[PDB]
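Shown next, in structure tokens, is the structure this report addresses.
Read the figures in this text as sums done on the coordinates, not as results from a lab. Neighbour counts run over all protein chains shown; Cβ positions are idealised from the backbone, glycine included.
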Amino acid sequence: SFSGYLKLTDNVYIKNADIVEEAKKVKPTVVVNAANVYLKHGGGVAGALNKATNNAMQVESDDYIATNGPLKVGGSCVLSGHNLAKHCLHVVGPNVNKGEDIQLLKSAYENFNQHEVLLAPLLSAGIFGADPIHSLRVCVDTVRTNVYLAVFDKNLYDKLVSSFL
Ligand SMILES: CS(=O)(=O)Cc1nc2ccccc2[nH]1
């Protein structure tokens, strides 16, 4: 199962790890992708997860968008986890670099409550432009299910743990 995670709360855990390497090792029931509304997995966590699936995630995602149209900012969809997990929960946090409403971050984390346990990144952090300290706070105050957070950046991981209230 999950190993080397620091316990932050009753249900939130955190580790300095590459979420792709964590997914390949654990093969969790659910891996969360930091998706955009189009499911275009170009960079950040999305690009890295998609590359690990040999682009199968993108092919499946393009079929999903062709059928359903785009997701909402704050929304999600469940697709296959391919070689990484049973399922991938594609969650759209607001991208502050694209001017999206940061209040939608709580709505984005509410999607995690539909799954008992998830391997996840901090939503809207990294290339999405939001403050990761704020994202962790919203995560702990919103998610009630078991979430194992993988933070790629060591320096950010140390800052998140040391500043956690
Ligand atoms: C696995 S990779 O694509 O070679 C490198 C990588 N790993 C990441 C984890 C989180 C965000 C971006 C990331 N880029």
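Some values worked out for this structure:
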| quantity | calculated |
| --- | --- |
| Share of pairwise Cα separations in the chain, more than 28 Å, in percent | 11 percent |
| Too-long pairs where the Cα-Cα distance tops 21 Å, listed order kept, from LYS24/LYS51; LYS25/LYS86; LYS27/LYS72; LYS25/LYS154; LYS15/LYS72; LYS51/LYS159 | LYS27/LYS72; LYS15/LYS72; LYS51/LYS159 |
| Contour minus Cα-Cα distance for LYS7 and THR67 (0.36 nm per residue) | 17.6 nm |
| Proximal charge balance of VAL147 [Cβ under 13 Å; K/R count +1, D/E count -1] | -2 |
